[PDB]
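Counting convention: from 1, in listed order, for ligands and their atoms alike. In what follows, chains carry the letters A, B, and so on, assigned in the order in which the sequence lines appear, proteins first and then strands, with residues in each chain numbered from 1.
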Amino acid sequence: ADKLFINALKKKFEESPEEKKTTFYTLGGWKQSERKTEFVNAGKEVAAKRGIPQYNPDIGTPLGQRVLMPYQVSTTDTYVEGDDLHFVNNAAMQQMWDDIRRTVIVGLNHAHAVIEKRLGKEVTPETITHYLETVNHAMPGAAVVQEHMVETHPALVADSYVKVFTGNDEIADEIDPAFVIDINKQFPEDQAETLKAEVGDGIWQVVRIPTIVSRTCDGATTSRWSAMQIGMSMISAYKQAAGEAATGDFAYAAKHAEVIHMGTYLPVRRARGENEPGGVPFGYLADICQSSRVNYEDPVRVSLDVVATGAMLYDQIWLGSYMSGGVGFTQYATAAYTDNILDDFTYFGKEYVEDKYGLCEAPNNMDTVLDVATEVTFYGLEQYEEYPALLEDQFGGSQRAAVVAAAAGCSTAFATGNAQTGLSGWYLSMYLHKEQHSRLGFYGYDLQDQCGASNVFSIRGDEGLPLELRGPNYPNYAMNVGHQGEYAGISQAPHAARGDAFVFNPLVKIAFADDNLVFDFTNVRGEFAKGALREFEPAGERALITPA
Amino acid sequence: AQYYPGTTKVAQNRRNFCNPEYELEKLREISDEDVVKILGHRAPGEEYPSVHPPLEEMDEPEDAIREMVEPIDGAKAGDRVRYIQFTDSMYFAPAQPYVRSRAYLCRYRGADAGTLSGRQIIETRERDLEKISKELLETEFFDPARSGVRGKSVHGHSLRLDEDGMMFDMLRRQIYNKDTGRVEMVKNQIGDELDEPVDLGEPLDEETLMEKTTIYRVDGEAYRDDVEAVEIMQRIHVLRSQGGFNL
Amino acid sequence: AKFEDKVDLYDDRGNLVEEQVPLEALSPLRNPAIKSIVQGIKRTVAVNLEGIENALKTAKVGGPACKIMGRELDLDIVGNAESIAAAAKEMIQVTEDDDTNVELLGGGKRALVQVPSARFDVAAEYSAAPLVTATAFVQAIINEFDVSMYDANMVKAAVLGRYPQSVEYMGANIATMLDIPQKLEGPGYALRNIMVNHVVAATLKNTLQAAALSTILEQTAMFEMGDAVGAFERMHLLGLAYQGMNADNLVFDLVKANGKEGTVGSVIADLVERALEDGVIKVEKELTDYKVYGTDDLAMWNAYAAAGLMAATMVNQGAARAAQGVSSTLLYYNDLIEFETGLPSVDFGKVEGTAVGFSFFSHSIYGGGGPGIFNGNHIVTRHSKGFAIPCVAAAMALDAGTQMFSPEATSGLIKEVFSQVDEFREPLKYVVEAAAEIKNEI
Amino acid sequence: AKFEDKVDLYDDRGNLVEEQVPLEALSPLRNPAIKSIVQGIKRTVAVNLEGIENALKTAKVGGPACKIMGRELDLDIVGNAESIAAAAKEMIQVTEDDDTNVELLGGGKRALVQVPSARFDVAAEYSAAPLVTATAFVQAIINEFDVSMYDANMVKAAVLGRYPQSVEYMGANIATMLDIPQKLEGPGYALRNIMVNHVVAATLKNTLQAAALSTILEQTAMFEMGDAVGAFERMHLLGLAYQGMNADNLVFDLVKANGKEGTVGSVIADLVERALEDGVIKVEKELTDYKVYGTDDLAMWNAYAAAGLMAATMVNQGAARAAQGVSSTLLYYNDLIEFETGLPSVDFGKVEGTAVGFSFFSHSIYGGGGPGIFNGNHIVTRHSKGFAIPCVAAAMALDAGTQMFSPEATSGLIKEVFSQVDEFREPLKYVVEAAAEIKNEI
Ligand code: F43
Ligand SMILES: C[C@@H](OP(=O)(O)O)[C@H](NC(=O)CCCCCCS)C(=O)O
Ligand SMILES: C[C@@H](OP(=O)(O)O)[C@H](NC(=O)CCCCCCS)C(=O)O
Ligand SMILES: O=S(=O)(O)CCS
Ligand SMILES: [Cl-]
Ligand SMILES: [Cl-]
Ligand SMILES: [Mg+2]
Ligand SMILES: [Mg+2]
Ligand SMILES: [Mg+2]
Ligand SMILES: [Mg+2]
Ligand SMILES: [Mg+2]
Ligand SMILES: [Mg+2]
Ligand SMILES: [Mg+2]
Ligand SMILES: [Mg+2]
Ligand SMILES: [Mg+2]
Ligand SMILES: [Mg+2]
Ligand SMILES: [Mg+2]
Ligand SMILES: [Mg+2]
Ligand SMILES: [Mg+2]
Ligand code: NA
Ligand code: NA
Ligand code: NA
Ligand code: NA
Ligand code: NA
Ligand code: NA
Ligand code: NA
């Protein structure tokens, strides 16, 4: 019956969502808001304590001449003021990033070959389990060889550990299950078969370093820290000299030859090492999100969970802090994961496709792009025109451009089963939207949008790439809000419609299928809500080593 | 020139704003002093500040392009580059953001135009800006209920209207008087209070807004129904796509 | 020749130089003057002897506001500039009378250095220029004053800065048009990482010369990047010719016709008319009171549109004598011409997209700056494959003094040294002369 | 005639080839064979056509363990290699008569590509080689099979990998000896970022040829970096001659005298005796039963000492047929010779220091690896200015199979393609011949 966003609009405003007029200016300004009132009071306290003015509602212009709205976290019944979705104020969002940043995947295949071929020693499921006991003591920062070592406090580093996975069920069954990511438990049968076949007899470690270290340091720490403690545990468990020539082979394997970073390093203007947000390709972000293994009968839900994951990380933390800062970009991102708005538009498109072509059954060509992206764009824009409350909700043109094009591009990919025609549909949506309303986004929103159509199918050096391989360092995408997380969703979309177990890297997909993570990647939007309510318990806090 | 495809009133209005041979309808008279006051860059009677010497006093490089391109008067004088910025309601304001920038670069010399969803700006040499601003304020570029002059705190293009049919303004620069039916500008574009308000006329009635608007909407003329305009946009998408692949 | 096209070549006063030259006589791969310009920019270094002297006498070395108390050295470098420069030249040259040049300027306050070509024939890249120059001058200063082993490290800091603790020559008193290889946004980008202000400084604000230098650099980089290979080569060459080299006098004539009273829109109308007159475009279909244009040669339409884009910049920013609106011209020229014609804009939308971001990052809090600080290696302005940055150079050349970060502010040492080289200052002259010389070898 | 020194040049069997060659005839700035080797390394690319085909058929593109389900494309690339390679060459070449080379290897599974020199004459650096090659092969594959617009992006990913999202060509199926310019530790380092395993691969494990290739690359980099300018030029030239080119047969004869039963220490004793016999060192002072040696020519002492260092490596690592101990030889040759003589060791302690860190980072948990993964651009091994890495290449050439990260593991594509180039495989021969040819021009 109702569009999916109607309940949220009725919560925000006294008027029915269709009504065109309202009342302004008599709401009390900031005084209408519980959260702004909290902030006013805290600012006075802070300024007095430190002897320097801080938050003051009388500086600049007076917030709250209109309704300061609640937001529904999409797929939840949780309604919060938008400040509770700012990454600074939301521990769930900070932990989501920490859990990615502090992860690396490191093979044991080369390592086991060094042991067998260079050292002449045996590797068995028993020696692997012994090694895994050893590395789970050492990885958080504790000693195995030298006398008079000082160590990290176990409780400060409780979130760091090492697990393994392999496609060989019989071998997996022989390793203590405390250390194993069980692919057959975590994934539905057809997905498990695909993932096991991709891994084969390879054995891979998923290493998580301590959040407290990641926060003190940076993402490029992760693979170094991992390798040091892998190295020590190989010495201890396999009876090497503690520092012989073979020890260097384990180092080079763990740091270079068999490591999978979450993010690659960035060029000098935006200089950063590995495991920073800009290095994480869109296909990896889709695979980090675990919606695919729990919501696989609903491709829209899978795709929009990916969009939530990426809009928060890429717009709020990455573009809104690493690349800028200040108040930042909360609502540029919340547009993609609140009020069930993107959900309504994308369900529309999925239904359109299902009825016309069947999922994955449309021709992979421009005719399909023109059909589906145009239809879905016109639907979404019509909703802003029919529901003035919707338009006042997603008040910035950029937000609207992102949401409408995300639906258009995901729907096109649902039709073709191919992310590249989904991307073409995203750009067509932009062009149509711009002409319809004689506006699109902010001053710089459509840099990538105007380069977009020509670069979708280019094959040139710094232009051509399948969408799955693109990321925040693809040149056209390196600067602007309201695109990156949506592109992760479009990358996910054809794979979700196809029922594929992963989008770009099966190892990354399996690595986040782990109940010992702090953040729950199977329910990203639920976790955002939990953090907004101040109900999420992050790792990395220093309470144990500070005064009461 | 043909400017823009399409067979709706919206399409024809977009063409008319861009066409310098189309005489913009003048709807209201504003004094020179009142334009200066709305702009807020200098006081009436204050000399224009300069950013560099008059061109006649500098030794310009020997350059055929300089010789062929006549500077605007404010460039000859060395005036500051200053701005005027407008916000247009999605509820049928006559002009809209990309319409303005497209039209400005057809009509006006020496212009830096910028388009955003909630604001649209022109920057040019101060004396020339004053002359352009008069036309932007006096003509059908501007309705005093559905358009606003705003150099900051621009929110309102996408908001519901108030009970008088006025767009939201966080700073309330334009005030409708229920007793008179007229709108006055009570602050300059950056929000400082004026000595004496500026009359901006009556808001256009609904029928006239619909005749003049350049936005497509379901409750006016929908873009999807202007099939020739849609066709051209789709053509451009396809040709760009093919061109990037092979030429 | 790979391609059939011929162009007529004109000078910066709009006078015909040579008729019916093969397009490939203008190719970076073939034209000897383009080769001379590239090799010249690789090998040329500006040395600030006054800056070195002042750094030493004050111990202000190693970057902004840095100083090491107790390390001052009182050396009369500028007073002994002839001896120091001769000594440096002996170390920089490979053989006597080779193509090494060391020339004092400003009464010995500055030196132009051109490191011999033979050093680059056995080098991977271009860093030999600053590195060889720096060490020669360091050694020459030490030897001139018999600076002790204990103190000589200050001379090194005064010349090259905080390198190698910094990646860059942070605080150096030498400068090049190129920047270090580590700063490339991608392999092949080095000729793109040349500030617009540096190009305008080297060309002394002559609008056509600045546009030519910029186009030569940008389009040459497109060859190094592989973009101008195979299917796209002709598009790149036609863009160099028509946008940067005033081929067929098209840029010049569009400016002439629109300079007195015209606008971006009036230049568009004239360009569309000229493309129709020349048979580049034709009516494909009639809609209601609207003609849809087509072409059988998209590369030539692109080149015509690119000439118009340059002319529109020169008319719009020339009328203002203010560079900032180049970002707007680059956007709306393209946006307007698509709806005027039904054909794609310059670089198939990539100029328009570059202009959207360039507009943003020249009018917002987030980064960027004024037009003059951009370049083809900048993240904001790298996206168009040579068709946007030359307009920015033309705009900056036309600015009468509206910019804080002007060439006078960012590029004075480059201006004094690099403007001395004739082929850097007047590249349109030398490239045209070379194209006419080689026209029957192509 | 800058320097008076002459050397006798030998072949890799210890036979005299040319007597009395002026030292400067071996300089990278003068010797035409060193120029040819450097320009060849800049322009040569290996293409793995089988790898491209397999990446496409499986959709395994973009880096380790990556795959895009549903994107598979089954193209008969190897089976159509001659047509594809010919089509690529047409795009790569500038003219039909130039120095472009495109040669199929392995029945079409691989191609050797040498991009024409004319492209590098108008380039800043060397990335035109991979980028021109990659786009020519991408376009040739697309054109061979009429790959659609919708699918062609997969061909691009199979050839060049995840670039430009990654800075490197991550997952590419092309390779060069050089690495991207962004990875340089400093300006001027590009010829140093060539893995030892790649040199050993190209030279087919011929110990003296590996040492020669490495020395030529390292010492040529020293010119590019400015280290071999002015005061230090002769030291660098003498090190190239004696350490890498077996000047005066000194390396060879030390090996011959110590190969059957010798040790590092016996090589040292023979080198000190030889330096005394030749008048390079002399007793300066007598302590209690201990002679302190001096010299009037530190650069020549360093060159003799460096020849000894190379011979000590060959004796010690040759006897083990195991490369790991090269880090130890590089350390203790130098430590022992200073306490034997009272004179500084090779590179004034910088070989010893490099060797300390290299030993640590080849026997510890912290980084590094086996000898073959090092190079002059590696943070561990950059410190000596050309005097350490050639010994590592000799040692890896002598390894009989003790290494996990061998050249077979790291450098197979490089081996197949670059060993085809005579001047890369047997560089000593060509450099000696060119030195002889120019001896009267010095
Ligand atoms: C000063 C600028 C120019 C600039 O470089 N950035 C600004 C301001 C900046 C500030 C505003 C914070 C503050 O008020 O102090 C921050 C929060 C970035 C920061 N420094 O933390 C921001 N914008 Ni802006 N900015 C936004 C937006 C927008 C929309 C707002 C249109 C409307 O009708 O309200 C327009 C662009 C457009 O017209 O499309 C816009 C403009 C502008 N944006 C204009 C100020 C507009 C004004 O005078 O009112 N932003 C949005 O469209 C939504 C998201 C929103 C961002 C905050 C969030 O994501 O929660 C914010 C993101
Ligand atoms: C352009 C560039 O800035 P500079 O021109 O180098 O100062 C770049 N910033 C950005 O791209 C900012 C992106 C986030 C803020 C805008 C979001 S639309 C950076 O800081 O490296
Ligand atoms: C050598 C290098 O490692 P790689 O050889 O590149 O793996 C480098 N590590 C280090 O320098 C480790 C320094 C800290 C540990 C040793 C302290 S003595 C790094 O990770 O970038
Ligand atoms: O107004 S601008 O588009 O520059 C910035 C929007 S946050
Ligand atoms: Cl063509
Ligand atoms: Cl000497
Ligand atoms: Mg009611
Ligand atoms: Mg009401
Ligand atoms: Mg075993
Ligand atoms: Mg468990
Ligand atoms: Mg147990
Ligand atoms: Mg009047
Ligand atoms: Mg009055
Ligand atoms: Mg005309
Ligand atoms: Mg001169
Ligand atoms: Mg066959
Ligand atoms: Mg031939
Ligand atoms: Mg085809
Ligand atoms: Mg002996
Ligand atoms: Na309500
Ligand atoms: Na209604
Ligand atoms: Na305020
Ligand atoms: Na930067
Ligand atoms: Na505490
Ligand atoms: Na000379
Ligand atoms: Na001829």
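Closest approach of A:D339 to A:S74, counting heavy atoms only: N-OG, 3.4 Å.
Looking at A:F395, C:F360, A:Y445, C:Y366, it is C:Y366 that brings a heavy atom closest to atom 22 (C) of ligand 1. Of the options C:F361, A:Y332, B:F168, the smallest heavy-atom separation from atom 53 (C) of ligand 1 is shown by A:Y332. Here atom 44 (C) of ligand 1 lies nearest to B:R119 when heavy atoms of B:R119, A:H86, B:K152, B:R150 are compared.
Residue-ligand proximity, A:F329 to ligand 1, at heavy-atom distances under 4.0 Å covers atoms 58 (C), 59 (O), 62 (C). Below 4.0 Å from some heavy atom of A:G328 lie the following atoms of ligand 1, by number and element: 17 (C), 19 (C), 21 (O), 56 (C), 57 (C), 58 (C), 59 (O), 62 (C). When each atom of ligand 1 is checked for a heavy atom of B:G118 under 4.0 Å away, the hits are 37 (C), 38 (O), 39 (O). Listed by atom number, the atoms of ligand 1 under 4.0 Å from A:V327 heavy atoms are 17 (C), 21 (O). Every atom of ligand 1 with a heavy atom of A:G441 under 4.0 Å away is listed here by number and element: 39 (O). Within ligand 1, the atoms closer than 4.0 Å to a non-hydrogen atom of A:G396 are 52 (O), numbered from 1 in the order shown. Residue A:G326 has at least one heavy-atom neighbour below 4.0 Å for each of these atoms of ligand 1: 21 (O). Within ligand 1, the atoms closer than 4.0 Å to a non-hydrogen atom of A:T330 are 58 (C), 59 (O), 60 (O), numbered from 1 in the order shown.
Residue contacts with ligand 1 for A:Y443 are absent, since no atom lies close enough (heavy atoms, distance under 4.0 Å). When non-hydrogen atoms are compared, ligand 1 lies under 4.0 Å from neither the backbone nor the side chain of A:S398. Residue B:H157 touches ligand 1 through its side chain alone, judged by heavy-atom distances below 4.0 Å.
Of the polar atoms of B:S117, at least one N or O is found under 3.5 Å from an N or O of ligand 1, judged by distance alone. For a threshold of 3.5 Å applied to N or O pairs, the pair formed by B:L116 and ligand 1 contains no separation below that value.
Salt bridge status for A:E392 with B:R160: present, with a side-chain N to carboxylate O gap under 4.0 Å. Taking a cutoff of 4.0 Å between a charged side-chain nitrogen and a carboxylate oxygen, C:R274 and C:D278 qualify as a salt bridge. A salt bridge does not link B:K187 with B:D192: none of the charged nitrogens is closer than 4.0 Å to a carboxylate oxygen. The residues A:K434 and C:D335 are annotated as salt-bridged, a charged nitrogen and a carboxylate oxygen being separated by less than 4.0 angstrom. In this structure, A:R439 does not pair ionically with B:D88, as no charged nitrogen and carboxylate oxygen lie closer than 4.0 Å. Under 4.0 Å is where a charged nitrogen must lie from a carboxylate oxygen, and between A:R35 and A:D84 at least one such pair does. By the 4.0 Å N-to-carboxylate-O rule, D:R110 lies close enough to D:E50 to be salt-bridged with it.
For the pair B:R217 and B:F92, the cation sits on the ring face: its NZ or CZ lies under 6.0 Å from the ring centre, inside 45° of the axis.
Residue C:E277 places its CD atom among more than 12 non-hydrogen atoms of other residues, nucleotides or ligands, all under 6.0 Å distant. More than 12 heavy atoms of other residues, nucleotides or ligands sit less than 6.0 Å from atom OH of B:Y83.
Taking backbone and side chain together, C:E273 holds no N, O or S atom under 2.8 Å from the Mg ion (ligand 14).
Ligand 1 has at least one atom lying under 4.0 Å from a heavy atom of A:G325.
Looking at C:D270 and the Mg ion (ligand 14) together, the shortest N, O or S contact belongs to OD1.
Between C:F358 and C:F374, the ring-plane angle classifies as perpendicular under the 30° and 60° cut-offs.
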